[PDB]
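K.L.:
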């Protein structure tokens, strides 16, 4: 029950399964919501070491930290303290599919994120199950208002270890819990890096920069 400060922390809990392998991850993050920068330290609390690529999870660990020009209303910052929810489908090039449902709220002056993820139909020999990805390229999410919510579309490209890319079409709906001002169409430009990780990815740190701009 508060405003969005120049510096904000968040806690995240994720529960999910990928190709039937169940896991849980808890994390803590911090950043500067108006500067569009944030970092997070994630720990696998159940089902470690993960038998699949960390890169499919990385995108699921924070839209309140997007730098917006003053002529683009900040729909998702304005949803607080109640918060917002988002649901996403990631359609990978080799048939694999990830869906994500997320709830974002503010408690004791910190954001709380609860994430549920399902991953299925990934080929056993593919880059996800064989841990052959090496991070993601910078990308631009096309943001647009639709049916009283905000939608986003991203063509995500995961770097392949032996050179090349492995892609996914990403579609997400973001909706405030209570109606607040929706913006017009714009682009959210992202850069996300895995800053560090232990050998088996049970401890991982990420950084993301995101800035909204007109096309």
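In the numbering used here, the protein residues as written are 14 to 228. Don't be surprised by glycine CBs; every beta carbon is placed ideally from N, CA and C.
Where are the beta strand (DSSP E) runs, 3 residues long or more, that stay fully inside the region 35-73, in chain order?
P.N.:
Segments of the beta strand (DSSP E) lying fully in the region 35-73: 50-59.
K.L.:
Return the CA-CA distance between residue 187 and residue 14, expressed in angstroms with no decimal places.
P.N.:
Each residue's alpha carbon lies about 20 Å from the other.
K.L.:
Using three-state DSSP, classify residue 203 as helix, strand or coil.
P.N.:
Of the three classes helix, strand and coil, the one that applies to residue 203 here is strand, per DSSP.
K.L.:
Roughly how many whole angstroms lie between the Cα atoms of residue 109 and residue 164?
P.N.:
Spanning the two alpha carbons is a distance of roughly 22 Å.
K.L.:
When DSSP labels each residue in this structure, what does residue 195 get in the three-state scheme?
P.N.:
Note: residue 195 maps to coil in three-state DSSP.
K.L.:
Quick check on residue 81: buried or exposed, where buried means 16 or more other Cβ atoms within 10 Å of its Cβ?
P.N.:
Flag for residue 81 reads buried.
K.L.:
Is residue 157 helix, strand or coil by DSSP?
P.N.:
If DSSP states are grouped into helix, strand and coil, residue 157 belongs with the strands.
K.L.:
What is the residue span of the alpha helix (DSSP H) that residue 190 lies within?
P.N.:
Residue 190 -> no alpha helix (DSSP H), and no H or E assigned at all.
K.L.:
Taking Cβ to Cβ, would you say residue 96 is nearer than 9 Å to residue 65?
P.N.:
No; because the gap between Cβ atoms is not below 9 Å, this pair is not in contact.
K.L.:
Leaving aside the five residues before and after residue 113 along the sequence, list all residues of the same chain whose C-beta is less than 6 Å from its C-beta, in chain order.
P.N.:
Hits under 6 Å: 73, 101 and 130.
K.L.:
On the three-pair Cβ rule with 8 Å, is the region 127-147 touching the region 42-62?
P.N.:
These segments do not touch.
K.L.:
Determine the DSSP secondary structure at residue 98, reduced to helix, strand or coil.
P.N.:
If DSSP states are grouped into helix, strand and coil, residue 98 belongs with the strands.
K.L.:
Can you have a look at residue 38 and say buried or exposed, based on whether 16 or more other CB atoms are within 10 angstroms of its CB?
P.N.:
The residue in question, residue 38, is buried, as its Cβ has 16 or more Cβ neighbours within 10 Å.
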